[PDB]
Amino acid sequence: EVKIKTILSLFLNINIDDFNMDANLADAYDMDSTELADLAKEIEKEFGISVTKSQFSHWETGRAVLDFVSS
Amino acid sequence: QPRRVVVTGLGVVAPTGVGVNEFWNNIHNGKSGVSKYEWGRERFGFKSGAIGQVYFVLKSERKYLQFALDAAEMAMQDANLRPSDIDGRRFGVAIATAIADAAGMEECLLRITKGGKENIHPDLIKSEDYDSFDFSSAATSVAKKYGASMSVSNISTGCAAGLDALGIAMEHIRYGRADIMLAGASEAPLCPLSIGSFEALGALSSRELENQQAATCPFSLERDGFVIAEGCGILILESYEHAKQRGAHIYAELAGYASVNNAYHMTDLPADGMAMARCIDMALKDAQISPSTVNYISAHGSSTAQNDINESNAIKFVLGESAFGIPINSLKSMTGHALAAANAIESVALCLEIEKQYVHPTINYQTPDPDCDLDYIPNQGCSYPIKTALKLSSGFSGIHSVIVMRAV
Amino acid sequence: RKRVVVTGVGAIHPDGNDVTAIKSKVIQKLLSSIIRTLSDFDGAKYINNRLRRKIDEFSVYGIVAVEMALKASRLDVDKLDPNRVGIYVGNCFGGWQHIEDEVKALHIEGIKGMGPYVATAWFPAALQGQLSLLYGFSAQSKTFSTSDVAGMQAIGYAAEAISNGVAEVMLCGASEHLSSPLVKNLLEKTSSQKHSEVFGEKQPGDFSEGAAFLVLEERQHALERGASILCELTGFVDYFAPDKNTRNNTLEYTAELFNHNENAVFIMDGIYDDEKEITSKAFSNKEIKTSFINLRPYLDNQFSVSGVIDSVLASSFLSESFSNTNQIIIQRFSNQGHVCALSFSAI
Ligand SMILES: CC(=O)CC(=O)CC(=O)CC(=O)CC(=O)CC=O
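1. A closer look at the packing of aromatic side chains
Here is step 1 of the chain: Inspection of every chain in the model, using the stated rule, returns 32 aromatic pairs over all chains.
Here is step 2 of the chain: Judged by centre distance (5.7 Å) and plane angle (15 degrees), the ring pair of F144(C) and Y157(C) falls under stacked. Of this pair, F144(C) sits in strand β4 (residues 143-144) while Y157(C) sits in helix α7 (residues 150-164), and the two are 13 residues apart along the sequence. With respect to burial, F144(C) and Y157(C) carry one shared label: buried.
Here is step 3 of the chain: Consider the rings of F258(C) and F283(C), whose centres lie 5.2 Å apart with planes at 80 degrees: the pair is edge-to-face. Of the two residues, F258(C) sits in the loop between α10 (244-255) and β9 (264-267) while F283(C) sits in helix α11 (residues 275-285), which places them 25 residues apart along the sequence.
Here is step 4 of the chain: Among the aromatic side chains, those forming a connected cluster through ring pairs are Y37(B), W39(B), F44(B), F46(B) and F56(B).

Listed below in structure tokens is the structure:
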């Protein structure tokens, strides 16, 4: 959704138009473990659901974060 | 003109033991000082359930200042220094810290905001609260007590601050500014803000365990983070000539010091460990000692995935094929991680190890890691003749720090 | 021993966002307390949004100050060997602005309250690490948090590192952010009434945030690349006074920096009332005759930045820009009873 895409755009400092939802976060956008932990904290803030280290480790791309919050 | 630096006094407040005698006995036998704690999981909801405590409602106990005064008193009595021997102009202090009295600052903030619910009430701010924000409370208080008139400093370089305080203290004595120097570090980070900060970062051990003492296991395949701890280490450094004239007992010679930056990441450490390897090399050039004489290493050993592999590959790069024989240990397996204080406490332990020609073990060694394949002295220690000792430290902002200690 | 020289300076302050703007204002002003914020300042052009998101304002003030200082020095930063460049910083209060809400939310919500950047944003040694990632500087780098005289020690021990031959270049200086609600309410109430047990009562004065940095480098290295040398760092003093008796004896070490020079200007701490009496008496004993100039009423108390910003101005004055002075000596001291001083000489 638009609420997810705006966070990943702001956190990685990419243009929201140019940002790809299917692209790898670690490889393409050189995302580190601290940024992934910071992303997971704001998923807990926005949606209001429990997120642990085992769960957000599998968030490989911008579509993986959308598939989790649906469940 | 350059003068040799020697350790004449030791003072320690650690979870393994308070005082030199109690501290040594526990680390000798390989007894864990790690305690299980309940207020982390129940109140705040931290995955961590282990801390290195020495002895839920918020309290400003001023532990950071307390541990510094206690360790300094023990160190000065051990050195056998008295007003007659001490020349104020040639005697300076260097007590380091990573967060200083953060507990007092956190407690002050929540008190004035009434449990962090409302805005800050100006009227509730007490006159005594300003002392909590003073980073160099430990340095100035000790300097006041024993009349230190030479340079008083507070190095706050994270978890490398301990060795950096010993480093600047060594420079003062060597280049002829000071005769005596009280050096070390004090840390009191067992507060929700400090523990929560690392917890949120994911640097603390979070794996489910039957025994919480095993949560800190350096160079083990099971390791998943460092067990946070509190305490203080104080070393009385002074000139070789100054110590001999008053007939002082010498623990070990502090031969050389070096410090570098990773230029890689703030918290993450690289696998190759080239930066740490360069720091060890420059420390040996500074001490004017050959790497061939190095037969013991007091490693940082936080028990994180990235730190232990970094140090192992760093030692492998400098020594090479000769690295495998050398006993390497981490005190954080028993004490946990006291940040800046851990360098000083391990530096006190290192001085006792060289004196007594004994090497303390790395306890909680479970499954051996294929990557970490050096001698880590697992579980049981032994008598070992130490000639030239290395002491590796690492902290945030990619800071590596090494000191070279030597037997006299 | 190696000769150390100042090649570049950068500072930002409520009075100015550059060294020339600050120097022009203080000269004009030379001819209950509040925290003075910066005017017409934003760190969008200097620092990218990814990095700025995860650092406190004290680190932001530090990076913009270092960038201005390196630009003035005209150093080819890419060609410079990273192993021979270090970063010395002075910071007392840390970075509360970035973590305040997260520390409060931890005690209501729990772990969900505070994120993972609380560990690197708040600590004073954040600035040195942040600089080392951007520029790649790999030599000995330390941070001091000694109350008041943190930045004064940072410059002195950065010069000693160049003297002993640890590094050829050093980015030494200080930075502070005092506008965060916790430290703002603290300084506005407690700091005014508190007296020094060693020195005495405080003068009426405000507080100001910002940063000040110098590019110290080895003299032969500076002459090699044909650098515009502002001044030479000739001496550094770092002592303590546990009581009033030793206090007056310690000031005589500041008098030794002069080398009996009559064409010298003495920049004073300007915090405490009794300074002018005790320091002038120490000079009277050593037969020193100099001009007293206090910049503290105009610049305010900046903690670690205080004394460093003075050295930034003093370097600009001695660089062919009071009448004709060939040496400026700056003094600072703490509440607990430090005595720190730096000596800068012309050509
Ligand atoms: C008390 C807080 O809120 C957390 C901090 O910022 C303090 C801090 O983070 C000190 C530090 O850097 C520790 C290291 O370098 C690695 C040592 O173990």
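2. Some details on the interface of chain B and chain C
Here is step 1 of the chain: Listed by partner, the interface residues are 72 residues for chain B and 64 residues for chain C.
Here is step 2 of the chain: Of the roughly 5,800 Å² buried at the junction of chain B and chain C (both faces included), carbon and sulfur atoms supply 63%.
Here is step 3 of the chain: The largest share of the area that chain B buries against chain C comes from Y130(B), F133(B) and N261(B), three residues that together contribute 12% of it.
Here is step 4 of the chain: Joining chain B to chain C, the criterion identifies three salt bridges.
Here is step 5 of the chain: One salt bridge connects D131(B) with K194(C), and the closest N-O pair in it is separated by 4.0 Å.
Here is step 6 of the chain: One can count 27 residue pairs in polar contact joining chain B with chain C.
Here is step 7 of the chain: Every element with two or more residues in the side of chain B that touches chain C is listed here: α2 (39-44), α4 (102-112), α5 (137-146), β5 (152-153), α6 (161-174), α7 (192-201), β8 (252-261) and β14 (399-406) of chain B.
Here is step 8 of the chain: If you tally residues by element for the side of chain B that touches chain C, the top one is α7(B), at seven residues.
Here is step 9 of the chain: The residue inventory of the side of chain B that touches chain C, partitioned by class, reads 33 nonpolar, 24 polar and 15 charged.

3. Digging into helix α12 (residues 340-356) of chain B
Residue and element names in this part refer to chain B.
Here is step 1 of the chain: With 17 residues, α12 extends 25 Å from end C-alpha to end C-alpha; this agrees with the ideal 24 Å at 1.5 Å per step.
Here is step 2 of the chain: Among the 17 residues in α12, 15 count as buried, and that is most of the element.
Here is step 3 of the chain: Just beyond α12, the residue with positive phi is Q357, at close to 50 degrees.

4. Re the sheet that holds β9(C)
Adjacent strands of a sheet form backbone hydrogen bonds with each other and so pair up, either parallel or antiparallel.
Residues and elements named next belong to chain C.
Here is step 1 of the chain: The ten strands are arranged β4-β3-β5-β7-β1-β8-β12-β11-β9-β10 in an open sheet whose pairing can be described as mixed. Because the sheet does not close on itself, it has two edges, and the strands there are β4 and β10 (291-293).
Here is step 2 of the chain: Where strand β1 (residues 4-12) lies against strand β8 (residues 231-240), three bridges are found, and the strand directions are antiparallel. By the bridge assignment, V6 is partnered in β8 with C231.

5. Some thoughts on the pattern of salt bridges
Here is step 1 of the chain: As enumerated under the stated definition, the model contains 38 salt bridges over all chains in all.
Here is step 2 of the chain: In this structure, the salt-bridge partner of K59(B) is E61(B), at a minimum N-O distance of 3.8 Å.
Here is step 3 of the chain: In this structure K59(B) comes out as exposed when scored by relative accessible area, which is 56%.
Here is step 4 of the chain: Overall, the relative accessible area of 45% leaves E61(B) in the partly exposed class.
Here is step 5 of the chain: Measuring nitrogen to oxygen at the nearest pair gives 4.0 Å for the salt bridge that ties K184(C) to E188(C). With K184(C) and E188(C) both in helix α8 (residues 181-193) and four residues apart, the pair spans about one turn of that helix.
Here is step 6 of the chain: By relative accessible area, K184(C) is classed as partly exposed at 30%.

6. Concerning the interface of chain A and chain C
Here is step 1 of the chain: Tallying the contact residues gives 16 residues for chain A and eleven residues for chain C.
Here is step 2 of the chain: Buried area between chain A and chain C, summed over both chains or domains, comes out near 1,100 Å², and the portion from carbon and sulfur atoms is 46%.
Here is step 3 of the chain: It is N13(A), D38(A) and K41(A) in chain A that bury the most area against chain C; as a group they hold 43% of the surface buried on that side.
Here is step 4 of the chain: Our enumeration of links across chain A and chain C arrives at four salt bridges.
Here is step 5 of the chain: Salt-bridge contacts for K54(C) lead to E35(A); the nearest nitrogen and oxygen are separated by 2.8 Å.
Here is step 6 of the chain: Linking chain A with chain C are seven residue pairs in polar contact.
Here is step 7 of the chain: Counting residues per element, the side of chain A that touches chain C draws most heavily on helix α2 (residues 33-47) of chain A, which supplies six residues.
Here is step 8 of the chain: Along the lines of polarity and charge, the residues of the side of chain A that touches chain C split into seven nonpolar, three polar and six charged.

7. Overview of the sheet that holds β14(B)
Residues and elements named next belong to chain B.
Here is step 1 of the chain: Spatially, β5-β4-β6-β7-β1-β8-β14-β13-β9-β10 is the arrangement adopted by the ten strands of the open sheet, whose pairing is mixed. Every interior strand has two partners, whereas the edge strands, β5 and β10 (328-329), have only one.
Here is step 2 of the chain: Pairing of strand β1 (residues 5-13) with β8 involves three bridges; the strand directions are antiparallel. Its bridge partner lying in β8, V7 is registered against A252.

Reading the values: the criteria
- Residues numbered from 1 in each chain as written, not as in the entry; some residues may be left out.
- Chains lettered and ligands numbered in written order.
- Heavy atoms only, no water.
- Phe/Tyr/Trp six-rings, centres within 6.5 Å; stacked < 30°, edge-to-face > 60°.
- Helix = DSSP H or I, 4+ residues; strand = E, 2+ residues; numbered from the N terminus.
- Buried < 20%, exposed > 50% of the residue type's maximum accessible area, 1.4 Å probe, protein only.
- Contact = heavy atoms within 4.5 Å.
- Buried area = accessible area lost by both parts, 1.4 Å probe.
- Salt bridge = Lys/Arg side-chain N within 4 Å of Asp/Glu carboxyl O.
- Polar contact = N/O pair within 3.5 Å; in protein donor to acceptor, adjacent residues only side chain to side chain.
- Nonpolar A, V, L, I, M, F, W, Y, C, P; charged D, E, K, R; others polar.
- Expected span 1.5 Å × (residues − 1).
- Pairing = 2+ DSSP bridges.

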